[PDB]
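S.K.: Before I ask anything, let me first share the structure, which is written out below as structure tokens.
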Amino acid sequence: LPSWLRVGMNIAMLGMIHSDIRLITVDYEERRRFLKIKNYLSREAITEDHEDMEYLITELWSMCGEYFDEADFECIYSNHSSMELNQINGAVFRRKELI
Amino acid sequence: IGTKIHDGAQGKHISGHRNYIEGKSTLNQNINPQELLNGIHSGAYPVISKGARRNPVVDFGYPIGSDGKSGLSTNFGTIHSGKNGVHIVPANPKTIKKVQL
């Protein structure tokens, strides 16, 4: 992951990480100038998750939009093992979980 | 673009506000976000671009805040309109000034 994206996500995630977030990943498509953000939750998604992701993208683009023009997100209920989530590419946030 | 500032969302970006989150981009202390928003609707402040998620970007023409990543002053704000109202996020000037061919 490019440093600008880890910086931007570090700041944007301030104040929106709650205990049911297992993993947040970002996929950066440089030629398309597009970002895909995935929020892996330990519960079904709620409307506040979508609001929080919209807030996050607004902040991230305001800081880092020289690098990307569009972004999409997904909120995913995952019951996969801690080992599996530990190995997904693009993690900018990963909760501590027992192996 | 909505007509009412959502204070709870806007306050994340106002130092000393009850909702402020230290580290985020901040509006300057003398900046009234509702006055900026009223000036967008009155035509004082033009929408010059759109950012991700189709957010309008406005050039206010004078400093309105500073970017949390660069620390730099900016004249530009990203306009976020939701069901509970609007908030303005100071935009890194490079977001506007570094333009692809």
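Just so we're on the same page: first chain in the structure tokens is A, next is B, and so on; residues restart at 1 for each chain, and ligands are numbered from 1 in the order they show up.
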Residues near segment 48-51 of chain B, anyone? I mean within 10 Å using only C-alpha atoms, not counting same-chain ones fewer than 5 positions away, as JSON, numbers by chain.
M.R.: {"A": [57, 58, 61, 62, 65, 66, 68, 69, 70, 71], "B": [56, 57, 58, 59, 60, 76, 78, 79, 91, 95, 96]}
S.K.: Applying 12 Å and only C-alpha atoms, which residues near segment 17-20 of chain B remain after dropping the ones on its own chain fewer than 3 positions away? List them as a short mmCIF file (atom, residue, chain, number, x, y, z; two decimals) with N, CA and C atoms, in the first residue's frame.
M.R.:
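Wrote selection-v4.cif, looks like this:
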data_model
loop_
_atom_site.label_atom_id
_atom_site.label_comp_id
_atom_site.auth_asym_id
_atom_site.auth_seq_id
_atom_site.Cartn_x
_atom_site.Cartn_y
_atom_site.Cartn_z
N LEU A 14 -9.82 7.79 12.74
CA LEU A 14 -9.93 8.32 14.10
C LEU A 14 -11.40 8.59 14.42
N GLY A 15 -11.86 7.98 15.50
CA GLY A 15 -13.20 8.19 16.00
C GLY A 15 -14.29 7.35 15.37
N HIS B 6 -25.16 20.22 9.67
CA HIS B 6 -25.31 19.21 10.72
C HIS B 6 -24.20 19.45 11.72
N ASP B 7 -24.54 20.05 12.86
CA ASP B 7 -23.52 20.50 13.80
C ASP B 7 -22.68 19.33 14.32
N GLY B 8 -23.32 18.19 14.60
CA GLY B 8 -22.58 17.05 15.13
C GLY B 8 -21.53 16.53 14.17
N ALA B 9 -21.86 16.48 12.87
CA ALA B 9 -20.88 16.08 11.87
C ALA B 9 -19.85 17.17 11.62
N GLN B 10 -20.30 18.42 11.52
CA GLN B 10 -19.37 19.52 11.27
C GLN B 10 -18.36 19.68 12.40
N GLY B 11 -18.80 19.44 13.64
CA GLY B 11 -17.96 19.67 14.79
C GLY B 11 -16.75 18.77 14.87
N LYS B 12 -16.78 17.62 14.20
CA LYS B 12 -15.58 16.80 14.11
C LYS B 12 -14.40 17.61 13.58
N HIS B 13 -14.67 18.66 12.82
CA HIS B 13 -13.64 19.45 12.15
C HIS B 13 -13.51 20.86 12.71
N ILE B 14 -13.94 21.09 13.95
CA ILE B 14 -13.83 22.41 14.58
C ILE B 14 -13.11 22.23 15.91
N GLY B 23 -6.55 15.78 15.19
CA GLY B 23 -5.89 15.15 14.06
C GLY B 23 -6.59 15.39 12.74
N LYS B 24 -7.90 15.58 12.78
CA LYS B 24 -8.63 15.79 11.54
C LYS B 24 -8.40 17.21 11.01
N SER B 25 -8.65 17.36 9.71
CA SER B 25 -8.66 18.68 9.10
C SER B 25 -9.64 19.59 9.84
N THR B 26 -9.26 20.86 10.01
CA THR B 26 -10.02 21.76 10.87
C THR B 26 -10.38 23.04 10.13
N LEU B 27 -11.61 23.50 10.33
CA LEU B 27 -11.98 24.86 9.96
C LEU B 27 -11.26 25.86 10.86
N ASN B 28 -11.00 27.04 10.31
CA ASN B 28 -10.37 28.08 11.11
C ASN B 28 -11.37 28.61 12.15
N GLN B 29 -10.82 29.17 13.23
CA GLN B 29 -11.66 29.50 14.38
C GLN B 29 -12.70 30.57 14.06
#
S.K.: Got a sec to tell me which of chain B DSSP assigns to alpha helix (DSSP H), as a PyMOL selection string?
M.R.: chain B and resi 7-10+33-41+93-97
S.K.: So what do you get for atom CA of residue 37 of chain A versus atom CA of residue 53 of chain A, distance-wise?
M.R.: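 Separating atom CA of residue 37 of chain A from atom CA of residue 53 of chain A is a distance of 8.5 Å.
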S.K.: Write out as a CSV table (one decimal) with C-alpha atoms, in the first residue's frame each polymer residue whose atoms come within 12 Å of residue 18 of chain A, counting only C-alpha atoms; drop sequence neighbours fewer than 5 positions from it.
M.R.:
chain,number,residue,atom,x,y,z
A,13,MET,CA,-10.4,6.2,11.0
A,23,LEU,CA,-10.7,-5.7,9.4
A,24,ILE,CA,-10.7,-2.7,7.0
A,39,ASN,CA,-15.3,-3.1,6.2
A,40,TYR,CA,-15.4,-6.7,7.6
A,41,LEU,CA,-17.8,-6.8,10.6
A,42,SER,CA,-18.6,-9.4,13.3
A,43,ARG,CA,-22.3,-8.7,12.8
A,48,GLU,CA,-24.7,3.7,10.7
A,49,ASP,CA,-21.9,1.6,9.1
A,52,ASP,CA,-19.6,6.1,8.8
A,93,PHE,CA,-7.0,-1.8,10.4
A,94,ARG,CA,-7.0,-5.3,11.9
A,95,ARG,CA,-8.5,-6.2,15.3
S.K.: Write down as an MDAnalysis selection string the residues belonging to chain B that are assigned strand (DSSP E or B) by DSSP computed on the backbone.
M.R.: chainID B and resid 5 14 26:27 47:50 56:59 65:66 73:74 76:82 85:90
S.K.: If you measure from atom CA of residue 1 of chain A to atom CA of residue 90 of chain A, what distance in Å do you get, rounded to one decimal?
M.R.: 6.7 Å
S.K.: Report, in Å to a single decimal, how far apart atom CA of residue 61 of chain B and atom CA of residue 46 of chain B are.
M.R.: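 About the pair atom CA of residue 46 of chain B and atom CA of residue 61 of chain B: they are 9.4 Å apart.
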S.K.: Would you mind listing what lies within 12 Å of residue 4 of chain A as a ChimeraX atom specification, with only C-alpha atoms counted and same-chain residues fewer than 4 positions away left out?
M.R.: /A:8-11,28,60-61,63-68,92 /B:69-70
S.K.: With distances taken over only C-alpha atoms, which residue among A:12, A:55, A:22, A:3 lies nearest residue 78 of chain A?
M.R.: A:22
S.K.: Nearest residue to chain B out of A:51, A:74, A:97, A:84, using only C-alpha atoms?
M.R.: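 Closest candidate: A:51.
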S.K.: Can you list, as number ranges by chain, every protein, DNA or RNA residue that comes within 7 Å of residue 86 of chain B when you count only C-alpha atoms, leaving out same-chain residues fewer than 4 positions away?
M.R.: B: 2, 4-6, 79-82
S.K.: Once you have the residues from the selection above, write them out as a PDB file, in the first residue's frame, restricted to N, CA, C and O atoms.
M.R.:
ATOM      1  N   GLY B   2     -27.545  20.467   0.740  1.00  0.00           N
ATOM      2  CA  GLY B   2     -28.523  20.815   1.751  1.00  0.00           C
ATOM      3  C   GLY B   2     -28.382  22.259   2.205  1.00  0.00           C
ATOM      4  O   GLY B   2     -27.452  22.976   1.848  1.00  0.00           O
ATOM      5  N   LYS B   4     -28.928  23.185   5.733  1.00  0.00           N
ATOM      6  CA  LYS B   4     -28.646  23.272   7.159  1.00  0.00           C
ATOM      7  C   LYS B   4     -27.359  22.522   7.478  1.00  0.00           C
ATOM      8  O   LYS B   4     -27.179  21.380   7.038  1.00  0.00           O
ATOM      9  N   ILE B   5     -26.473  23.160   8.246  1.00  0.00           N
ATOM     10  CA  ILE B   5     -25.290  22.468   8.753  1.00  0.00           C
ATOM     11  C   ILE B   5     -25.717  21.424   9.776  1.00  0.00           C
ATOM     12  O   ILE B   5     -26.552  21.690  10.650  1.00  0.00           O
ATOM     13  N   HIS B   6     -25.158  20.221   9.670  1.00  0.00           N
ATOM     14  CA  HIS B   6     -25.315  19.214  10.717  1.00  0.00           C
ATOM     15  C   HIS B   6     -24.196  19.448  11.719  1.00  0.00           C
ATOM     16  O   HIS B   6     -23.040  19.095  11.470  1.00  0.00           O
ATOM     17  N   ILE B  79     -18.038  19.490   0.231  1.00  0.00           N
ATOM     18  CA  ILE B  79     -19.379  19.674   0.780  1.00  0.00           C
ATOM     19  C   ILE B  79     -20.054  18.311   0.874  1.00  0.00           C
ATOM     20  O   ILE B  79     -20.296  17.663  -0.150  1.00  0.00           O
ATOM     21  N   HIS B  80     -20.373  17.882   2.096  1.00  0.00           N
ATOM     22  CA  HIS B  80     -21.007  16.586   2.349  1.00  0.00           C
ATOM     23  C   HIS B  80     -22.437  16.824   2.838  1.00  0.00           C
ATOM     24  O   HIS B  80     -22.647  17.307   3.957  1.00  0.00           O
ATOM     25  N   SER B  81     -23.415  16.471   2.010  1.00  0.00           N
ATOM     26  CA  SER B  81     -24.824  16.605   2.368  1.00  0.00           C
ATOM     27  C   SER B  81     -25.402  15.236   2.704  1.00  0.00           C
ATOM     28  O   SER B  81     -25.409  14.336   1.856  1.00  0.00           O
ATOM     29  N   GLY B  82     -25.888  15.085   3.934  1.00  0.00           N
ATOM     30  CA  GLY B  82     -26.570  13.873   4.346  1.00  0.00           C
ATOM     31  C   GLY B  82     -27.989  14.124   4.820  1.00  0.00           C
ATOM     32  O   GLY B  82     -28.491  15.250   4.737  1.00  0.00           O
TER      33      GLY B  82
END
